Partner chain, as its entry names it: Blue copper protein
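Only one chain is shown below, in structure tokens, and it's the form deposited without the partner chain.
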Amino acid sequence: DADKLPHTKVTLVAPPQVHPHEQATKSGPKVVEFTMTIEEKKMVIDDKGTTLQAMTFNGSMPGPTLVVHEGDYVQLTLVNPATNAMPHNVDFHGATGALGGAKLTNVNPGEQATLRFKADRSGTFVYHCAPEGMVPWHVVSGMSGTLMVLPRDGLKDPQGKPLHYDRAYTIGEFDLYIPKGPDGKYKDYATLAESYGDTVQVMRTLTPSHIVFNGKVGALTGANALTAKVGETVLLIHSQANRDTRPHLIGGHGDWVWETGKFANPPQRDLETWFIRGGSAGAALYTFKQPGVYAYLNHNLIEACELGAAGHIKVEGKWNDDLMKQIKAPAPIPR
């Protein structure tokens, strides 16, 4: 019985961080309490000033990542402030019943609700808004994130051997559908509701205008690059709630990857590129062996390099000449 159990309250953090948590744990099941507040807002999504009439959990794209253990109960208070215009709810793919919790969390502006469900299945799972009759629009406008349910005894390799990460990052990839006017410039809308009709028309073409990590072209670059150091193992959580993507770490690999994102299945090793089905979250472990600036991108290189689906990881440490060595630098072709 769930009412029997100890409760615990978690404080969420903004992507690309993930809130402090234990992997393998000696603790027994808890009721883990979270709160998220919906925020609609206009966001600038590229370096040319294009804006999106966006919708978010907790003010970020993606929403924050929620972490529990298998056998825990997730208890979410979802708040829809009166400063928003639309009704919202939440569908946890990690949950069983009631359209993922959507039927039990319909919240008009000025309302809130509390849902509990048992996290009985391990993996990274998408959660997203799913209001009746306007599902894709809320999703593509930014309302998704990841619930990670860790096995109580931590991650395992195909032979049952223990795996771990030293640091976790969460990347949400968003296919955006920004309309254009007769002058071929992207439209800027005064309200969310005004964007709707034109946006549906772009959606129906199936061609995103932009595809971005974490809300903006260049979100995970420069000062906001991810960081690591040689010897450290990183977990890269990648969610795409609406469209397929193909993550790749340039100069690296997926050492162990659950591309379907479900930790009771054996991971695959040595991946160059993996696949996140639209409507899922996946997870890759990599232990850094070389220092330098890596790119982490969607390996449809048009989607990455023209449309925005690419970030950076800056990795400290000592170069390893056994792994790779410039034998002869660029120099004239001798004749």
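Residue numbers count along the first chain shown, from 1.
A second form of this protein, the form solved in complex with the partner chain, is not displayed here; the remarks below concern that form.
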item: Contact label in the entry with it bound: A225 to the partner chain, heavy atom within 4.5 Å; value: no
item: Contact label in the entry with it bound: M86 to the partner chain, heavy atom within 4.5 Å; value: yes
item: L163 within 4.5 Å of the partner chain in the entry with it bound, heavy atoms; value: no
item: 4.5 angstroms heavy atom contact with the partner chain in the entry with it bound for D157; value: no
item: Output flag, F34, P64 and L150 jointly within 4.5 Å of the partner chain in the entry with it bound, heavy atom basis; value: no
item: Contact set, 99-123 vs the partner chain in the entry with it bound - heavy atom within 4.5 angstroms; value: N108, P109
